[PDB]
Amino acid sequence: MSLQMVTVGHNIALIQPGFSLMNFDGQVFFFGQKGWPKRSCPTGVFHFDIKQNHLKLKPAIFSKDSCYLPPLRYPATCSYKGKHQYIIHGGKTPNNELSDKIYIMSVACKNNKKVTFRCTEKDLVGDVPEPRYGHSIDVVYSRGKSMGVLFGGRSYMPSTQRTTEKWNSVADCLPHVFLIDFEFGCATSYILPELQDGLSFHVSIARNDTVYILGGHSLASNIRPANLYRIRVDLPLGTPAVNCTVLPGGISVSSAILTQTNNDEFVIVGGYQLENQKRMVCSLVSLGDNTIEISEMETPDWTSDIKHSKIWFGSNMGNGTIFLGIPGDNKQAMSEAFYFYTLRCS
DNA sequence: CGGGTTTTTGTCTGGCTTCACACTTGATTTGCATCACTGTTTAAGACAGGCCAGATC
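Following the working numbering, the numbering of the first sequence begins with 1 at its first residue and continues without gaps.
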């Protein structure tokens, strides 16, 4: 838990709350810049390489058959390691509008450390999920087969109850659960009675047949339910099946950042306990065979600027390494609009 | 429906009235133009060479 400040190059501005840090074979790629793709880099996808605590947002071209995707600000990203590739669902297009598209980042050519991505897209049929953001998609395995579970987060009002005096107001989606076949791209919605209230900005965890949902703001009543939910997914030869169970030991948190330090051993770094409760304590999710072992570490050393601020953002660079940001200083206006940090969970 | 009872007008010739109004000419006011003066750069973003540095045959 060694926090370290970071220096930043000339295109510092391209970082904004809600970005994404994908990870291909030990190297990290920034995605979801601020504003439509500028001409310097037409894809927004960057080499996010940090060396000597200095990061170089470098461009990266796509393949000759990819699909140039708009920079989304709160997508749902899972690491489909089954050819290694990532899945992108939902988000806020720079024009403040929700996307229902699913994208699949792969790497089709890498030579001289010049990566050539391949951002093909796949559309859905059947019980397609409403365009939304803040949710969490995760892949699950069973009987060799695999599926993608999706537990929705907030969204815009539907196209009928939506009025211009409240055109931007949001509402949590219905706590359904979606199963998605990436092969055919087929969706299947499931009602689960043990899940009642909407949930956004939660923290999902996939363990090879189950999904642990924990934390998450609840806009329907403006509380952070501290109850976590194990979803168990079975894949028969006909129709799949889902089950949910509440479990104790949960945490009331939202907008938390997850990563996998050791095998089946995760860390969860700051989110929020209240509308104004900057979270400090970190949480170790020591997985098991069927049980979740929540615990905490020694509240990694936070500097003064992190205590005297109000919000942050960030993600997981991939190898037990979290990247945080923090807004500048408005009274110390000679600030570069954002300060950044990387901290190693080791 | 067209004929008849209200409001509303024409209407009297006298004497009354206030006041606009003829007709200069300079001394004022009032309207509407001029006038002299002020601020004392860039900040993002596209494209192009060019130099260097590291890769490759």
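C-beta atoms are modelled at their ideal positions from N, C-alpha and C, and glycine is treated no differently.
Per the DSSP calculation, residue i is bridged to which residue(s)?
i: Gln-161; result: None, per the DSSP bridge assignment.
i: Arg-207; result: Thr-210
i: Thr-77; result: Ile-88
i: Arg-232; result: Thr-210 and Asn-243
i: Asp-49; result: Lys-56
i: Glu-293; result: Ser-286
i: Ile-223; result: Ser-218
i: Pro-17; result: The partner list for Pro-17 (beta bridge, DSSP) is empty, contrary to what the question assumes.
i: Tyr-68; result: For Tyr-68, which the question treats as bridged, DSSP gives no partner whatsoever.
When you compare only the Cα positions, how much space is there between residue i and residue j?
i: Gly-250; j: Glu-296; result: 12 Å
i: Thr-163; j: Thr-245; result: 37 Å
i: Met-157; j: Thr-77; result: 23 Å
i: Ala-60; j: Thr-43; result: 7 Å
i: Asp-123; j: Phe-184; result: 9 Å
i: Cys-282; j: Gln-161; result: 40 Å
i: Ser-221; j: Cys-109; result: 48 Å
i: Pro-131; j: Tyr-341; result: 32 Å
i: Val-211; j: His-10; result: 40 Å
i: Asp-289; j: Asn-208; result: 10 Å
i: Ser-40; j: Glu-194; result: 49 Å
i: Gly-318; j: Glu-165; result: 42 Å
i: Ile-12; j: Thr-299; result: 28 Å
i: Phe-19; j: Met-147; result: 25 Å
i: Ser-252; j: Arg-73; result: 24 Å
i: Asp-65; j: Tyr-229; result: 40 Å
i: residue 377; j: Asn-95; result: Residue 377 lies beyond the range of the chain shown here (1 to 346); nothing can be said about it.
i: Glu-121; j: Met-334; result: 43 Å
i: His-84; j: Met-22; result: 11 Å
i: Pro-225; j: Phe-178; result: 21 Å
i: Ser-204; j: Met-1; result: 22 Å
i: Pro-17; j: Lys-34; result: 9 Å
i: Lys-51; j: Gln-277; result: 33 Å
i: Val-8; j: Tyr-339; result: 9 Å
i: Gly-91; j: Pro-75; result: 4 Å
i: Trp-302; j: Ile-15; result: 22 Å
Which residue's Cα is closest to the Cα of residue i: the options?
i: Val-107; options: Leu-343, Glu-130 and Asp-25; result: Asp-25
i: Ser-79; options: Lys-101, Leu-69, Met-105 and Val-269; result: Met-105
i: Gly-238; options: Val-211, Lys-145, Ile-205 and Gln-27; result: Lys-145
i: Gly-153; options: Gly-216, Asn-95 and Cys-119; result: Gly-216
i: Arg-232; options: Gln-196, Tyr-190 and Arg-224; result: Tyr-190
i: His-54; options: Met-5, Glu-97 and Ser-99; result: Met-5
i: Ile-311; options: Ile-268, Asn-262, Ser-255 and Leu-72; result: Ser-255
i: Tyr-141; options: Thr-303, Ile-102 and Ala-206; result: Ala-206
i: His-89; options: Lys-58, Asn-111, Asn-112 and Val-139; result: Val-139
i: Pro-240; options: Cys-186, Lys-101 and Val-8; result: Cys-186
i: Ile-213; options: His-47, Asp-234 and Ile-292; result: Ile-292
i: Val-115; options: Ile-102, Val-45, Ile-257 and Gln-273; result: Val-45
i: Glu-275; options: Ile-223, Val-269, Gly-328 and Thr-303; result: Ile-223
i: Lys-101; options: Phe-182, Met-280, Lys-307 and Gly-198; result: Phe-182
i: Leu-235; options: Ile-180, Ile-294, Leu-258 and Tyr-103; result: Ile-180
Give the C-beta separation of residue i and residue j to the nearest angstrom, bearing in mind that I take them to be a contact with Cβ-Cβ under 8 Å.
i: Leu-192; j: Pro-175; result: 7 Å
i: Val-285; j: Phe-266; result: 4 Å
i: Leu-287; j: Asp-264; result: 4 Å
i: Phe-201; j: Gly-134; result: 5 Å
i: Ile-326; j: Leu-343; result: Actually they do not touch by this definition, with Cβ atoms about 12 Å apart.
i: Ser-155; j: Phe-117; result: With a Cβ gap of about 28 Å, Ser-155 and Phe-117 do not count as contacting.
i: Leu-98; j: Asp-172; result: At roughly 14 Å, the Cβ-Cβ gap does not stay under 8 Å, so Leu-98 and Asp-172 are not in contact.
i: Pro-70; j: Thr-93; result: 5 Å
i: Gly-320; j: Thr-261; result: 4 Å
i: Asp-49; j: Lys-56; result: 6 Å
With a threshold of 7 Å (Cβ to nearest heavy atom), would residue i be considered close to the ligand ZN?
i: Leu-179; result: As for the ligand ZN, it is missing from this structure, which has no ligand bound.
Ignoring anything shorter than 4 residues or poking outside the segment 114 to 202, list the alpha helix (DSSP H) runs there in chain order. none
Hey, which unbroken runs of the beta strand (DSSP E) at 3 residues or more fall wholly within the segment 247 to 273? 257 to 262 and 265 to 269
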